[PDB]
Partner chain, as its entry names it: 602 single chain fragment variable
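What follows is one chain in C-alpha cells, specifically the form solved without its partner chain.
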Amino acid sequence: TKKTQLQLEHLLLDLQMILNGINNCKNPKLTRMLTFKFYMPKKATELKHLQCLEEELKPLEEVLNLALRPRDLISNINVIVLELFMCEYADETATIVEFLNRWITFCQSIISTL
C-alpha cells in the first residue's frame, strides 16, 4: 500500500506539472491548445479506471508535442499507469486543462482513501 500511494503521488505531480506548465503559457498560445478535445471517462473512482488515462496518453503527448518536458513526464505517467474492465468514454469531450484536473482529482481522491 505504501508504494501505491507513492506512485499515485508521483502520478499526481506529473499531471500537476503538466497543468502548471500549461497554465503558465501565454493566452493566445493556451487558446490554440484549448481547441484540442480529449475524451473523458464515464466513471473513474478506482485504480482499474486508469485504463481510460493510458489510452489518452498518446493523444495528450501528441497535443503537447505541438506546443515542460522533452518527452519524459508522459512516459513517467505511462509507466505509473502500466504499473498501478471495459473503458467507456463520456458523451462530451473536454479541454487538456479539464482532462488534467479530472485525473488530478482522481489521484487525490485515491490518496484520500489510503
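Positions refer to the first chain, counted from 1.
From this point on, the text means the form solved in complex with its partner chain, which you will not see here.
In the bound PDB entry, its partner chain lies within 4.5 Å of some heavy atom of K37. Heavy atoms of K58 reach within 4.5 Å of its partner chain in the bound PDB entry, making it an interface residue.
Contact between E46 and its partner chain in the bound PDB entry is not found at the 4.5 Å heavy atom cutoff. With contact defined as any non-hydrogen atom lying within 4.5 angstroms of its partner chain in the bound PDB entry, the contacting residues in 74-97 are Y89, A90, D91, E92, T93, given in sequence order.
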